[PDB]
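Notes for the structure review
Take a look at the letters that make up each chain.
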Amino acid sequence: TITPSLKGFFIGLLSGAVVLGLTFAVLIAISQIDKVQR
Amino acid sequence: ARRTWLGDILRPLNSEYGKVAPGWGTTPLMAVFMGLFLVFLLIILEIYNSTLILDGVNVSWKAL
Amino acid sequence: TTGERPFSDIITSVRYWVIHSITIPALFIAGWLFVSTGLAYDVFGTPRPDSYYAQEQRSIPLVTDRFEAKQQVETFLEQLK
Amino acid sequence: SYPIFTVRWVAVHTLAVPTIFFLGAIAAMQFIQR
Amino acid sequence: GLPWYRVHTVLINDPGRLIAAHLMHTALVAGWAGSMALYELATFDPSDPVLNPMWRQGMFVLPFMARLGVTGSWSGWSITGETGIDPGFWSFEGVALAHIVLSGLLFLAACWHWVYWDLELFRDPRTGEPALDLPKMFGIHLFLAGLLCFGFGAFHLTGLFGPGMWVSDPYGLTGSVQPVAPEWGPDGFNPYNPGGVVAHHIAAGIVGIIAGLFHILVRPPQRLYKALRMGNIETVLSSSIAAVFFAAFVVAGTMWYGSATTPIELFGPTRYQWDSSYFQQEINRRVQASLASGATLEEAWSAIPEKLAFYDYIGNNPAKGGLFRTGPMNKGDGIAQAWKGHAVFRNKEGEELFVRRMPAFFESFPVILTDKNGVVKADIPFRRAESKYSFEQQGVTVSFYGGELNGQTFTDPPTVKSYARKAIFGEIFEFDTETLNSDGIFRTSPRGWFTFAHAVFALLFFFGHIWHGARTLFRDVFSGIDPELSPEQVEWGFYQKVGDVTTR
Amino acid sequence: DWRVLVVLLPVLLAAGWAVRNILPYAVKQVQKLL
Amino acid sequence: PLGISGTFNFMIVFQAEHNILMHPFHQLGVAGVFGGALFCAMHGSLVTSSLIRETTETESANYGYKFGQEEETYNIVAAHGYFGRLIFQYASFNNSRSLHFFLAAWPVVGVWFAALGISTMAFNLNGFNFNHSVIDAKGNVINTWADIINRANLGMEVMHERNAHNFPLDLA
Amino acid sequence: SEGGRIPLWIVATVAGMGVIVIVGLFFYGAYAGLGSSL
Amino acid sequence: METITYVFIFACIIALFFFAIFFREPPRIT
Amino acid sequence: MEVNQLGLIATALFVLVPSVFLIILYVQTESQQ
Amino acid sequence: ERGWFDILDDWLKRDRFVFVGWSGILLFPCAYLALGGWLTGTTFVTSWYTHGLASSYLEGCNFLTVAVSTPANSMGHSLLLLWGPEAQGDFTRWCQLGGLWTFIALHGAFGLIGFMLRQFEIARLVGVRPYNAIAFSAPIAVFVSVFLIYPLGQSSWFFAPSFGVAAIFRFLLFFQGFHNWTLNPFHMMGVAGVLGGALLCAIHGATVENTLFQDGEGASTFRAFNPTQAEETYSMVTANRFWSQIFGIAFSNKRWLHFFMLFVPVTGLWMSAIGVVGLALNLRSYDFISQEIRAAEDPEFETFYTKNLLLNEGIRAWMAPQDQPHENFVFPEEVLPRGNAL
Amino acid sequence: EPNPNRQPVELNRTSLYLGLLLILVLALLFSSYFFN
Ligand code: CLA
Ligand code: CLA
Ligand code: CLA
Ligand SMILES: CC(C)=CCC/C(C)=C/CC/C(C)=C/CC/C(C)=C/CC/C(C)=C/CC/C(C)=C/CC/C(C)=C/CC/C(C)=C/CC/C(C)=C/CC1=CC(=O)C(C)=C(C)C1=O
Ligand SMILES: CCCCCCCCCCCCCCCC(=O)OC[C@H](COP(=O)(O)OC[C@@H](O)CO)OC(=O)CCCCCCCCCCCCCCC
Ligand SMILES: CC1=C(/C=C/C(C)=C/C=C/C(C)=C/C=C/C=C(C)/C=C/C=C(C)/C=C/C2=C(C)CCCC2(C)C)C(C)(C)CCC1
Ligand SMILES: CC1=C(/C=C/C(C)=C/C=C/C(C)=C/C=C/C=C(C)/C=C/C=C(C)/C=C/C2=C(C)CCCC2(C)C)C(C)(C)CCC1
Ligand SMILES: CCCCCCCCCCCCO[C@@H]1O[C@H](CO)[C@@H](O[C@H]2O[C@H](CO)[C@@H](O)[C@H](O)[C@H]2O)[C@H](O)[C@H]1O
Ligand SMILES: CCCCCCCS[C@@H]1O[C@H](CO)[C@@H](O)[C@H](O)[C@H]1O
Ligand code: OEX
Ligand SMILES: [Cl-]
Ligand SMILES: [Cl-]
Ligand SMILES: [Mg+2]
């Protein structure tokens, strides 16, 4: 049974995944644009 | 070095010092299991903490 | 040096001060109005000077239950007439 | 010669922007009466 | 020469003497368990499992033998109070003996491996250098751990081939060793469900068998081998220490909060059972049920088991001790002899009053009596000259129901105040304070001592992980930084990427 | 809620005013890093 | 008193009678000794982190320095290069003289203020008193953490030297 | 535009005076309104 | 017994001071 | 005073065992060349 | 292999004004949120529903009396997640229930981990030994033992320290009255480490500054030093002779000196952490049993130990009702311990 | 069959003094709690 707190747990999981996902998305993007010269 | 009957039997088990798999190998599969494990710890932590409350799971001595 | 423009360069440039003679007071005034409209009380749930107690009570509205604490605070807030 | 929007620019403003907003909020508080 | 704090590093490249050192450590730890168990058996009093259980007597390893099914002595008693039992060889004495014998065998093995250190098995077959293939060793050992984990859960805990484990009712009154079936649903993750303990070991054991086979057959990726320094045994020490302090924090927490593997009949009540009047509520409910069923006050209270009343006493709260108050709890308040019965206080108007109980925070506490609504009706004053609530002014009396003082009432102020002082501790007991020369000051139980030692060791091992992790990742600069360090590597700008000379 | 707009409005006009004064160089900085 | 528990007695009674915890000179004193211990570990760890390799791994690195040697025993440039990147470049010293001066001055100045706190509370200029400073619209007292400190201070005051006062004010 | 126009000492002096203004306002508020004990 | 113990430990420390000052390893310049 | 009488031997071994350790190490260092 | 991982690694480790690194992905959000939560809470958020206290600039508190206070005792050790079952996603209720406290404490703990990872990360890139990270284990042991283990041993987060100046002073006084913490030998060792550290800091700084070589002509001696010079800037030989003749002993090994300077404060903080772990369980050094037996039987026996207990008893009885409002202590005037007159 | 990993051990005189001082001071600190 999906209790309210189990729903809240899933919301917590999705929120953190979204936050980590955008963070790495932006970072990978910016690292591809501004490369180091060797 | 000294050879023994048991040492000869076990020799193959200590013969691949330094042998690696090329590149990243199974790292991405490892990362999947680490993430699954992190979610598992979170679940059992929050059950014990009464932050995650499930039907029929009564976190109390009264569960005998 | 790490390549960014020196701070002493930037903060003595007219262009810096053209921009920040606006952006700084605008933020300050936004902060003032956050309080003066009373919006800060409602966002954070902080009592106004007239809402710590009901007129004749002298007991603290202390939260005493874990999972009904939200409802307890809501009940304390109703009793302010 | 120099860029404008760097990591340093972001670090400076994530601190400086709320600081100014908070100082205005706390300045207003000095005129609240009970 | 070597400084004193490095003498044991001579084993790093000597696998055979490393095994010898590890054998000697194992022999010492096994001998400690055997000798601790013998000492406890020479001091343990088995004659009263109700008011003098093992946790009142400072027993530390006895509860760990009982938890997994060792409950009896060759001399014929068991910890649940039975007499005339035959435990077979696996009595408390047989377990202690087995550990002593194991200690001696491991000592002999350690000597053999110390003298015969240069075994061909420890040499790399290609280079002839000492070498241990740690990734394959990990899979072998994890595989053995998985098998052992699985057999523990599947055979010992279930009773299929073994005794089971200690289980009790929610009030710690009827504990015994019982076969336990696994719980496979979500309640298996409830810390208080013993069934989850069984299921965990079967399921994690299987997973360890599988992961063991994987780690035997699949070599490490080159990128992880280099990053974690898997040719360096000290990387294993660093991560092993981290696992161990993780485990230590977990066993400290479950000991303090309670769980199915830390029963109160083996380790004593928890502090939180006093904070929430856990036992006092069950006692009241039983008395209500009796009164509601027509019994008198004396019959309702006399039906309360002495073992249940004894839990409702702050002297058994493990949060009441002190760091240098040593010894068993019996050395403090005494050896408990009998429930005196439940004290009921009344004032001159006949109102029932209730003593405010001592919170665990307070070494001392005033004596204050309220009515059912929490209004103060009587107290023991400090300044007498403006007292209004003295027992003398308010006509406070006390009557006892159940226990040894059943049916008696006392009205003289000094005697009433005496029992009121005791009542801040909960239920009132008679104690033998002479046998051990008890000093009257509370001590903590094995639950308290276990938790303290393991939280302290866990925190200290955190430093060990940091230290050995640092030595693994910075082995190249352990003796100092490069004497020819170019100022350009550490000054700003010269390299686009810090520490990367190809980015000049 | 109108107080939300009374508070954000000084911040929003500050965002647009700094964009006016910086967009020529901003487009020029983004262009050079391409 | 010239004793260990006597010291504690002195501190506790001092708190009751002067609220030293709320005095800024005691607060500067705490900054002094907390700061001094922080910078102590700081300086020790940086210099130890940049010792120049002069020894093998089986010997103490301390034998790599010889008493009276002319040349420095660690690379301050490498230390500055580490600490500058830990914070930012201009938060790090590269002048050993002004670094060591800062190490001298910070705990010394802080302890001067601590000594002056005791010396000025000797003449009863006491710590900040915010007892009942926050009042609601009707005039009810709204307690702050300062008022909780006052409750603790009162318990110290009413019990200290329990037989030595005959009149209601403890004026010295 | 070009960094250098406004001398640093005038910047320092004007920013210093703003600090003193805003801190003085906070000390004024210790004696008036909320938290003044009156 | 406990008084003797405290004074004994204290006396050993004062003895240790003496040897640490007068029978130290001499610092030698090189 | 009713002190814990084990305090005596506890203190004595606390001093003696580690002190003796240090003395052994020191003396065998002097005797090396 | 120059895949996305390696390109990301390149960008994270660029030499910029603020180094970022891989550790910065953890460090910067968690540090920023913990600091922002403290400033947000001390400016706007009350403690009225959890403690019965005003605690923000909004309410009239000043810099000494604002705090982010601990949650109500009734929350136990709840994580108090914003989306958890107590606040149920309501940001305002969450603030009123004490959610900012676990927010700061938990983001702070992970921030501290991130800072220590940063010390490791930068040290490995520059090529120095990682003793700065090792020394930072002592602040981490303190934070973890005081803000996490200690309340976890007690009934609830309520008894953790609150994040404020005067709230921490209350924490000091609570520890005297209830735990007799000044008597605890693990605190004593911590005091020795902190005061000895401050001492070493002052004395080494002063010794260097007063044994400088004259390497310039100016009366300001700071200029006569060059970061890349090979020579010591001060005389170890003269410093050694001075202290040997003033104090009896002196440092003669400069590498030992600076290791010792790491050792002393770091060991002190670690010792104090251990004692607070004991206090989590109320395992106090509260009493000397021998003193109490004598004093119970001999009403003329008085020491500074027994005098201080009476002070502790005053603290407990006079502060407990206001400091523990959920307990509902009602102590009539006649039960309060008081000396004569006062 | 001599093991090649053996190494001499050292404790210099200053370390002896430092170590003895630590142990005596620790004993002086903890003795009161042992007697209690
Ligand atoms: C996890 C370890 C552990 C735990 C939790 C217990 C728990 C218990 N033991 Mg057992 N015991 C153990 C291991 C343990 N023991 C070991 C290894 C031995 C062999 C020595 C024993 C031998 C033993 C005996 C002989 C007895 C017990 C008894 C007990 C009970 C009373 C404990 C007590 O009074 O301690 C008091 C604890 C202290 C006073 C704490 C000491 C703190 C130290 C001294 C601090 C030292 C600080 C250090 C010097 C600082 C370094 C600083 C430096 C790094 C700079 C309790 C149930 C007693 C009992 O009741 O039996 C029935 C009893 O008689 N134990
Ligand atoms: C699985 C645990 C384990 C193992 C197999 C090792 C092994 C090692 N350690 Mg590590 N270490 C550990 C845990 C471990 N350590 C923990 C928890 C900490 C933090 C306290 C450390 C902190 C540490 C430091 C700071 C150093 C080491 C060093 C070493 C190396 C040399 C040690 C030596 O010669 O000591 C010799 C020790 C003595 C001669 C006497 C020590 C006596 C102690 C302090 C008190 C007595 C303890 C008592 C007998 C037993 C109690 C057991 C307890 C677990 C209940 C060796 C590789 C050294 C190194 O890296 O060299 C390069 C080093 O400097 N370790
Ligand atoms: C980047 C570093 C970082 C870290 C380490 C943390 C850590 C934390 N945050 Mg913080 N936070 C952060 C950044 C961070 N935060 C940022 C940038 C913000 C602004 C948005 C916040 C705003 C914030 C709030 C408002 C709150 C927290 C809270 C917390 C705590 C609980 C977190 C949790 O349970 O998530 C669990 C989520 C994860 C562990 C994500 C992992 C995802 C896995 C690995 C992948 C698999 C998921 C899968 C794809 C999805 C399946 C879902 C499906 C079944 C429905 C924890 C201390 C809570 C707190 O402090 O309580 C008091 C809280 O209320 N944070
Ligand atoms: C959604 C989000 C946020 C995602 C983030 C993901 C991501 C990748 C982000 C990166 C982008 C980015 C940078 C964001 C920034 C966000 C942000 C602003 C974070 C800020 C966090 C923050 C403000 C932290 C504050 C930390 C803090 C308070 C630091 C204080 C430093 C300070 C006071 C230093 C002074 C102390 C000092 C100078 C001490 C020196 C004294 C001393 C004894 C030195 C010893 C010494 C020194 C030497 O010098 C040398 C030589 C030697 C011998 C020696 O003895
Ligand atoms: C000038 C005002 C100084 C007042 C306080 C004294 C601080 C310096 C004394 C510390 C003694 C340490 C032990 C000796 C250490 C030692 O030997 O010092 C040596 C160091 C360098 O000596 P020099 O010979 O190179 O210079 C001193 C003279 O010879 C003049 O050149 O002396 C100084 O730097 C003096 C600095 C004067 C200017 C300092 C101003 C500081 C004021 C900062 C504001 C504080 C307010 C805090 C409020 C919270
Ligand atoms: C030879 C032989 C034998 C025999 C054997 C034996 C007899 C053994 C014994 C053994 C033993 C008998 C052992 C013991 C051990 C012990 C130990 C090992 C201990 C330790 C301890 C410790 C370590 C402690 C510590 C501490 C202290 C002291 C204080 C407090 C804290 C602490 C805890 C830290 C036989 C016949 C079988 C057969 C074969 C041969
Ligand atoms: C919590 C939270 C969050 C966050 C937030 C944040 C992040 C914030 C930030 C905030 C901030 C970031 C703020 C700031 C403020 C600042 C201030 C308020 C300052 C002031 C200052 C002053 C007042 C100064 C003074 C002084 C000194 C100190 C010394 C020198 C001189 C002078 C006097 C100037 C989120 C949303 C995520 C979620 C929910 C929860
Ligand atoms: C009750 C408490 C007692 C605690 C017990 C303490 C035990 C400590 C044992 C320390 C043993 C040191 O072990 C000792 O090491 C030294 C060097 O250091 C070895 O000495 C070796 O190196 C030296 C140094 O050049 C050579 O000159 C010598 O010929 C060679 O044997 C000894 O052969 C060994 O006896
Ligand atoms: C005035 C003394 C008699 C009145 C009843 C006193 C409370 S009861 C009394 O308490 C003692 C501990 O204080 C126990 O040792 C003893 O067993 C118990 O009878
Ligand atoms: O003398 Mn010692 O202490 Ca300064 O107040 Mn008054 O007096 Mn006593 O009382 Mn509080
Ligand atoms: Cl006094
Ligand atoms: Cl008087
Ligand atoms: Mg005001």
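Residues numbered from 1 in each chain as written, not as in the entry; some residues may be left out. Chains lettered and ligands numbered in written order. Part of a larger assembly, values for the part shown. Heavy atoms only, no water.

The condition that has to hold: UniProt positions are given in the numbering used here, feature names are shortened, and annotations may be inferred rather than shown by experiment.
The title given to this entry in the Protein Data Bank is "XFEL structure of cyanobacterial photosystem II following two flashes (2F) with a 200-nanosecond delay". Annotation of chain I in UniProt includes, under Subcellular location, the sentence "Cellular thylakoid membrane". As recorded by UniProt, the Sequence similarities comment attached to chain I reads in full: "Belongs to the PsbT family."

Comment text from UniProt for chain A, heading Subcellular location, reads "Cellular thylakoid membrane".

Structural notes on the overall build of chain I
Quick note on the threshold: Working definition: helices are DSSP H or I runs of at least four residues, strands are E runs of at least two. Numbering for both runs from the N terminus. Three labels apply to residues, based on accessible area from a 1.4 Å probe with only protein chains included: buried if under 20% of the type maximum, exposed if over 50%, partly exposed otherwise in between. The protein chains shown are the only cover counted for residues, whose accessible areas, like all others here, come from Shrake-Rupley with a 1.4 Å probe.
When helices and strands are tallied, chain I shows 1 helix and 0 strands. Each principal axis of the C-alpha atoms in chain I carries an extent, and together these give about 50 × 10 × 5 Å. Within chain I, buried positions represent 23% of all 30 residues. Carbon and sulfur atoms make up 79% of the accessible area of chain I, which amounts to about 2300 Å² in all.

Regarding the site of ligand 3
Counted only if it meets this: The rule for a residue being near a molecule or strand is that one of its heavy atoms must lie within 4 Å of it. Polar contacts, as counted here, are pairs of nitrogen or oxygen atoms within 3.5 Å of one another; within protein the pair requires one atom able to donate a hydrogen and one able to accept it, and residues that are adjacent in sequence qualify only if both atoms are side-chain atoms. Each residue is assigned to one of three groups, with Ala, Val, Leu, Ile, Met, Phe, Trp, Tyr, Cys and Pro labelled nonpolar, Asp, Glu, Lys and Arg labelled charged, and all others, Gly among them, labelled polar.
Among the 22 residues in the neighbourhood of ligand 3, the closest are listed as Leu80, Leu81, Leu82, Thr102 and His107 of chain K. Ligand 3 sits at the junction of chains A, B and K, each of which supplies nearby residues. A distance of 2.9 Å separates an oxygen atom of ligand 3 from a polar backbone atom of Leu82 of chain K. Within the contact set of ligand 3, a nitrogen atom lies 2.9 Å away from a side-chain nitrogen or oxygen of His107 of chain K. A breakdown of the residues in the shell around ligand 3 according to their chemical character gives 18 nonpolar, 4 polar and no charged.

Things to note about the interface of chain G and chain K
How we decide: Note on definitions: a residue-residue contact is assigned when non-hydrogen atoms from the two residues lie within 4.5 Å. Put simply, buried area is how much 1.4 Å-probe accessible surface two parts lose in total, over both of them, once they are put together. Each reported salt bridge corresponds to a side-chain nitrogen of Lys or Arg within 4 Å of a carboxyl oxygen of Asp or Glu.
On the side of chain K, 97 residues touch chain G, which itself brings 89 residues to the contact. Regarding the contact of chain G and chain K, the summed buried area is about 8300 Å², with carbon and sulfur atoms giving 69% of it. By the criterion of area lost to chain K, the three top residues of chain G are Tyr82, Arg97 and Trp145 of chain G, representing 12% of everything that side buries. For the interface between chain G and chain K, the tally reads 4 salt bridges. One salt bridge connects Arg162 of chain G with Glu302 of chain K, and the closest N-O pair in it is separated by 2.9 Å.

What to know about the side chain of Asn193 of chain E
Residue and element names in this part refer to chain E. Along the chain, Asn193 turns up in the loop between β2 (176–178) and α5 (194–217). Judged by its relative accessible area of 13%, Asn193 falls in the buried class. Reaching out from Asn193, the side chain makes a polar contact with the side chain of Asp187 at a distance of 2.5 Å. Filtering out sequence-adjacent residues up to four positions away, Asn193 remains in contact with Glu183, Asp187 and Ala260.

Concerning helix α3 (residues 92–115) of chain E
All names here are of chain E. Selection rule: For a helix, the expected span equals 1.5 Å multiplied by the number of residues minus one.
Between its first and last C-alpha, α3 extends 36 Å over 24 residues, near the 34 Å set by a 1.5 Å rise per residue. For α3, the full list of buried residues reads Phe92, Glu93, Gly94, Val95, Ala96, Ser103, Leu106, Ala110 and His113. Buried residues in α3 make contact with α1 (15–43) and α2 (62–67).

Quick word on the site of ligand 8
Lining the immediate surroundings of ligand 8 are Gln28 and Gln32 of chain J together with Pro8 and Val9 of chain L. The environment of ligand 8 is shared, with nearby residues belonging to chains J and L. Within the side chain of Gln28 of chain J, an N or O atom sits 2.7 Å from an oxygen atom of ligand 8. Considered on its own, ligand 8 offers 790 Å² of accessible surface; in the complex 36% of this is hidden by protein. In terms of residue class, the shell around ligand 8 is built from 2 nonpolar, 2 polar and no charged.

What to know about the nonpolar core
Here is the rule: To form a nonpolar core, buried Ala, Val, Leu, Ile, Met, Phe, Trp, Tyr and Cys residues must be joined to one another through side-chain atoms within 4.5 Å.
Ranked by size, the top nonpolar core spans 204 residues in total, and within it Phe345 and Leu369 of chain E, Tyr82 of chain G together with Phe44 and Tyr150 of chain K carry the most contacts. In terms of residues, this core owes the most to one element, helix α5 (residues 99–126) of chain K, which gives 11 residues. When near neighbours in sequence (up to four residues on either side) are disregarded, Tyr82 of chain G contacts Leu46 of chain G together with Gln119, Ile122, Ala123, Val126, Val128 and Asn132 of chain K. Residues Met54, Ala66, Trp166 and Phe450 of chain E belong to the second largest nonpolar core, which totals 21 residues.

Quick notes on the arrangement of the chains
By number of contacts, the leading pair among the 33 pairs of chains in contact is chains G and K. One finds no contact between chain B and chain I; the C-alpha atoms of the two approach each other to within 45 Å at their closest. The two units chain F and chain K never meet; even their closest C-alpha atoms stay 14 Å apart.

Some thoughts on the interface of chain C and chain H
Contacts between chain C and chain H engage 11 residues on the former and 11 residues on the latter. Of the roughly 830 Å² buried between chain C and chain H, counting both surfaces, carbon and sulfur atoms make up 72%. If you sort the residues of chain C by the area they bury against chain H, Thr12, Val14 and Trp17 of chain C come out on top, with a joint share of 49%. Counting across the chain C and chain H interface gives 0 salt bridges. Our count for the contact surface shared by chain C and chain H stands at 5 residue pairs in polar contact. When residues of the side of chain C that touches chain H are traced back to their parent elements, those giving at least two are α1 (7–11) and α2 (14–36) of chain C. Within the side of chain C that touches chain H, the residues separate by chemical class into 5 nonpolar, 3 polar and 3 charged.

Brief notes about the state of the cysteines
Residue and element names in this part refer to chain K. What counts here: By disulfide we mean two sulfur atoms from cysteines, separated by a distance within 2.5 Å.
A full pass over the atoms with the stated rule returns 0 disulfides over all chains. Looking at the unpaired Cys30, the closest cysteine sulfur is the one in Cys95, lying at 18 Å. On the basis of relative accessible area, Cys30 is assigned to the buried category, the value being 12%.

Overview of the packing of aromatic side chains
We count it as follows: Each aromatic pair joins two rings of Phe, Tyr and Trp (for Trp, the six-membered one) with centres within 6.5 Å, and gets the label stacked for planes under 30 degrees apart, edge-to-face for over 60, and tilted for any other angle. The rule for a charge over a ring is simple: NZ of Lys or CZ of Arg within 6 Å of the ring centre, and within 35 degrees of the ring normal.
Per the stated rule, a full pass over the model turns up 105 aromatic pairs over all chains. Between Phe44 of chain E and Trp77 of chain E, the aromatic rings sit 5.5 Å apart at their centres with planes inclined by 50°, giving tilted as the arrangement. Highlighted residues: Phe44 of chain E in the loop between α1 and α2 and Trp77 of chain E in the loop between α2 and α3, separated in sequence by 33 residues. Both residues of the pair, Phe44 of chain E and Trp77 of chain E, count as buried. Here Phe93 of chain G and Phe102 of chain G contribute two aromatic rings whose centre-to-centre distance is 5.7 Å and whose plane-to-plane angle is 45°, an arrangement assigned as tilted. Judged by its relative accessible area of 36%, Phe93 of chain G is partly exposed. The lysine or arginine in question, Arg471 of chain E, covers the ring of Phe478 of chain E, its NZ or CZ lying 4.3 Å from the ring centre. Here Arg85 of chain G stacks its cationic end above the ring of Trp492 of chain E, 4.4 Å away from the centre of that ring.

Quick look at the side chain of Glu209 of chain K
Threshold: In this charge count, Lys and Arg are treated as positive and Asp and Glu as negative; neither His nor the chain ends contribute.
Counting through the fold element by element, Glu209 of chain K comes out in helix α9 (residues 185–209). No salt bridge is formed by the buried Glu209 of chain K; its nearest oppositely charged neighbour, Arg97 of chain G, is found at 5.7 Å. Each residue touching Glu209 of chain K, except ones within four places of it in the same chain, is listed here: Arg97, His100 and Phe101 of chain G together with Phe222 of chain K.

A word on the packing of helix α1 (residues 4–18) of chain G against helix α5 (residues 145–159) of chain G
Residues and elements named next belong to chain G. As a reminder of what qualifies: Helix axes are fitted to C-alpha atoms over the stretch in contact, other axes to C-alpha atoms as well, and angles between N-to-C directions run from 0 to 180 degrees. Angles are sorted into four bins: roughly parallel if under 35 degrees, roughly antiparallel if over 145, roughly perpendicular if 65 to 115, and oblique for all others. It is the rotation of the near helix from the far one that decides the hand of a crossing: anticlockwise by less than a right angle makes it left-handed, clockwise makes it right-handed.
As a packed pair, α1 and α5 sit with axes 8 Å apart at the nearest point and diverge in direction by 120°. Put simply, α1 runs oblique to α5. Classified by chirality, the crossing of α5 by α1 is left-handed. The segment α1 lies against α5, with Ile12, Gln15 and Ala16 engaging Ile149, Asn153, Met156 and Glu157. Of the residues contributing to the contact of α1 with α5, the split by class is 4 nonpolar, 2 polar and 1 charged.

Notes on the UniProt feature "transmembrane region" in chain A
When the UniProt feature table is mapped onto this chain numbering, "transmembrane region" sits at residues 12–28 of chain A. Note that residues 12–28 of chain A is 100% helix and 0% strand, and that its end C-alpha atoms are spaced 24 Å apart.

Some details on the pattern of salt bridges
Where charged atoms of side chains with opposite charge meet at close range, the side chains can pair. What the rule picks out here adds up to 51 salt bridges over all chains. Between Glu72 of chain G and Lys254 of chain K there is a salt bridge; the shortest N-O distance is 3.1 Å. Within this pair, whereas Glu72 of chain G is found in the loop between α2 (24–49) and α3 (76–86), its partner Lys254 of chain K is found in helix α11 (residues 254–280), the two belonging to separate chains. Neither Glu72 of chain G nor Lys254 of chain K differs from the other in exposure class; each is buried. Where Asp215 of chain K meets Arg97 of chain G, a salt bridge forms, and the shortest distance between an N and an O atom there is 3.7 Å. Of the two residues, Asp215 of chain K sits in the loop between α9 and α10 (236–246) while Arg97 of chain G sits in helix α4 (residues 96–121), which places them in two different chains. Judged by its relative accessible area of 42%, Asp215 of chain K falls in the partly exposed class. Sharing partners across several salt bridges, the network here consists of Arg38 of chain A, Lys497 and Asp500 of chain E together with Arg2, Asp9, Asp10 and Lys13 of chain K.

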